[PDB]
Amino acid sequence: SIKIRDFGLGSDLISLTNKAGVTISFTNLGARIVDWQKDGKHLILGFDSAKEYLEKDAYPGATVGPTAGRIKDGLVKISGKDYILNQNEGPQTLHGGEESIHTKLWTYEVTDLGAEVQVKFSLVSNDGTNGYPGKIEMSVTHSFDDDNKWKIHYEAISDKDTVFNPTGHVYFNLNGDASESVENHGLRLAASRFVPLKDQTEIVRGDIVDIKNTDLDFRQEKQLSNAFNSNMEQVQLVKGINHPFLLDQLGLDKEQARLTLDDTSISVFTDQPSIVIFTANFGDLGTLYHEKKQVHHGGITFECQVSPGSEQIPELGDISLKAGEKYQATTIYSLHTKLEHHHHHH
Amino acid sequence: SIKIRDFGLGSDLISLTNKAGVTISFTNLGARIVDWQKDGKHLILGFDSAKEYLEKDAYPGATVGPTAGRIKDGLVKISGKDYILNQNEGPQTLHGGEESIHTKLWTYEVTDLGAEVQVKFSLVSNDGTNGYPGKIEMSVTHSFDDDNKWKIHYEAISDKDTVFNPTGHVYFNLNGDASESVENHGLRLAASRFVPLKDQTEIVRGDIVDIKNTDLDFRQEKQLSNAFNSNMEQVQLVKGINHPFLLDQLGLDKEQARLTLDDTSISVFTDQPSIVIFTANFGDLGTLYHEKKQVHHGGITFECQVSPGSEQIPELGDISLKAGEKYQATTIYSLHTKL
Ligand SMILES: OC[C@H]1O[C@H](O)[C@H](O)[C@@H](O)[C@H]1O
Ligand SMILES: OC[C@H]1O[C@H](O)[C@H](O)[C@@H](O)[C@H]1O
Ligand code: NA
């Protein structure tokens with residue numbers, strides 16, 4: 001079933017329930033996921049109204065871009081030309097600049113395919129918006145099926161050579177309470193290397209580091225507490241995790257990551273080369289989620305994209321988008337029950 | 001009473017009915033007026049869904065900008081520097097460039113004051129959007145009251161020196177049917193001068209012209225057909241009227257124009273110095289409104305703003321907006337019915 005209602009400020013809330021009774025909801029404000037519940041329990045973080053997003057934190061669950069992550073000094077080279085983008089985090093351009101796509105009302109249309117329902121959000125980034133050459137016609141399709149798979153499909157075309165590397169900013173918290181740390185969740189991630197950050201400004205260091213056998217090694221499932229408790233320089237630098245992880249094997253067919261809590265698991269699939277993992281290292285900020293003060297480490301993202309820093313570390317990839325060329329990216333989050341035995345105590 | 005409903009593509013339709021039973025409706029798609037009716041008759045042109053506007057014509061009833069009108073070669077000078085805006089009509093920048101603010105979904109909040117109801121639409125134009133320096137935080141408040149006054153109040157703030165001169169693009173048709181020319185309406189307009197167009201590109205010609213005692217003088221009420229049957233080269237040029245008229249006296253208190261058809265009249269008030277009047281000179285286009293095929297002259301606008309062409313005729317004014325300065329504008333469309 002599909003249901004729609006006003007969500008506030010002119011935004012709408014689109015709620016889907018699949019045949020298994022799992023419900024998930026989105027809003028056109030930032031083509032974003034608002035909630036995902038199983039048996040009355042929230043699997044992710046979200047607010048109850050549009051205003052909350054604009055007043056507390058506009059990122060959760062949003063579609064972010066045109067370029068996700070930090071661009072050192074907002075400087076990009078496009079077809080032999082240097083371009084300076086809006087700098088909204090010191091001299092850095094973070095998640096596309098100020099008042100970016102995650103803050104806009106996107107138009108949308110719903111396609112009911114029976115076992116699958118698709119919500120296609122659309123938006124045009126005008127040429128020059130926040131320094132980005134365009135215009136760029138973008139679309140984000142969020143779909144949910146009877147198999148409990150939530151898929152995000154991005155598409156985009158530009159009138160001019162530009163840069164494009166968006167991502168989905170959902171935060172998971174299998175505890176279903178933001179006031180509960182995710183250190184109790186088990187994490188498995190098919191990545192042998194990571195990208196260290198230079199300092200508190202969080203731009204990339206310039207090197208790629210192997211993490212096998214360190215506290216950041218999750219190739220084999222381990223509790224998140226291991227990382228949180230680590231005194232490795234990078235962990236301390238960011239007070240948790242906030243880094244791009246380079247996937248060892250690419251392809252949408254492979255389970256790149258799996259997050260488990262007791263009988264529930266979320267598997268991550270994507271066609272992107274890295275996963276930026278941010279563990280809500282907010283300290284005592286205590287943003288309220290459903291009247292619960294969120295704790296430090298009260299959530300975890302899996303931002304699949306081309307790793308940030310490619311401006312400095314060419315090896316990470318090329319986020320350039322040629323005029324007329326069609327961009328596409330696909331990321332999938334699938335829900336499972338009793339996928340494995342996870343019986344721990346914190 | 002207030003009613004909110006889905007207008008399509010995720011856009012909303014906000015309908016306001018006052019004590020008099022008059023109904024006015026708006027959509028966040030382009031902070032625009034969709035309908036205005038009395039006793040079941042539409043006073044303005046509009047569509048029945050969001051899609052239609054996107055597919056047929058996106059300007060009707062919309063808020064247009066940042067700059068309304070045509071800018072020669074898309075060129076403006078800001079703080080002594082030349083800036084090239086998005087060009088969407090040949091080398092001209094028309095109505096702020098392609099995919100402008102009239103095609104975006106604005107956020108909004110409704111405020112019920114009893115005798116009056118306000119609907120405040122907001123949108124942020126990012127710095128650099130379509131070549132315009134910013135960011136510009138814009139808000140357009142459409143309000144409707146028990147006196148049948150529809151008021152538009154504009155406000156904006158920019159982080160950088162820029163240009164700003166928006167307008168409301170409603171088309172009136174007291175016939176209540178697009179298939180019917182407005183030639184039968186009577187118009188009065190407090191303007192003795194106008195701005196002639198250079199040619200078919202519709203950019204300004206360069207001069208200001210006195211219209212006193214011409215087919216374009218409406219200082220004294222007159223029927224539209226007059227203007228429409230005039231052989232003035234300017235009329236002949238655009239096949240109707242598509243020009244900025246320079247108001248004689250400035251100020252919100254003075255009724256600047258009046259459109260009348262029988263018992264029904266619309267008065268226009270503004271704090272702007274000019275009114276651009278366009279008589280839907282669409283030829284055989286035939287755009288469909290409420291299943292009615294539109295006729296040439298099947299509508300008329302009252303675009304209140306600073307006259308287009310100030311880039312070439314500074315006497316017309318200046319549309320710059322310095323960083324940190326607050327822009328404000330107001331335009332009123334008052335409805336009256338004789339007894
Ligand atoms: O709150 C948004 C969040 O987005 C990414 O994960 C960044 O790496 C974090 O530093 C933070 O900016
Ligand atoms: O269609 C929108 C309309 O906008 C103004 O009124 C112009 O003068 C007309 O030429 C036309 O372009
Ligand atoms: Na809506």
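Each chain gets a letter, A, B and so on, in the order the sequences are listed, and its residues count up from 1. Because only heavy atoms are used, hydrogens play no part in the values below, and waters and symmetry mates are left out as well, while side chains stay in. When a ligand or atom number is given, it counts from 1 through the structure's own listing order.
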Short version for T301(A): what comes under 4.0 Å of ligand 1, heavy atoms counted, is neither
Counting from 1, what ligand 2 atoms have a heavy atom of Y59(B) closer than 4.0 Å?
-> 1 (O), 2 (C)
Cut-off 3.5 Å, side chains only: do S25(A) and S15(A) have a donor facing an acceptor?
-> no
Salt bridge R70(B)-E202(B), side-chain N to carboxylate O under 4.0 Å = yes
Should the heavy atoms of other residues, nucleotides or ligands under 6.0 Å from CD of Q87(B) be counted, would the total exceed 12?
-> yes
Specify which N/O/S atom of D12(B) comes nearest to the Na ion (ligand 3), by atom name.
-> OD1
Backbone or side chain, does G10(B) get an N/O/S atom under 3.0 Å to the Na ion (ligand 3)?
-> yes
Of all protein heavy atoms, the one nearest atom 6 (O) of ligand 2 is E303(B) OE2, 2.7 Å
Pair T301(B), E303(B): side-chain N/O donor-acceptor within cut-off below 3.5 Å = yes
Is the closest heavy atom of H95(B) to ligand 2 under 4.0 Å?
-> yes
Indicate whether the side chain of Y108(B) and that of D12(B) have a donor and an acceptor atom separated by less than 3.5 Å.
-> yes
Who's the nearest protein heavy-atom neighbour of atom 8 (O) of ligand 2, and how far?
-> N242(B) OD1, 2.5 Å
Ligand 1 atoms nearer than 4.0 angstrom to some heavy atom of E202(A) are 10 (O)
Flag if over 12 foreign heavy atoms under 6.0 Å of CD, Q200(A) = no
Which atoms of ligand 1 are found less than 4.0 Å from any heavy atom of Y171(A)?
-> 1 (O)
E89(B) near ligand 2, heavy-atom distance under 4.0 Å?
-> no
For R70(A) and ligand 1, does the shortest N/O to N/O distance drop below 3.5 Å?
-> yes
Answer with yes or no whether the side chains of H297(A) and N281(A) bring together a donor and an acceptor at under 3.5 Å.
-> yes
Does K51(A) come within less than 4.0 Å of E55(A), counting only side-chain N to carboxylate O?
-> yes
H169(A) N/O under 3.5 Å from ligand 1 N/O | yes
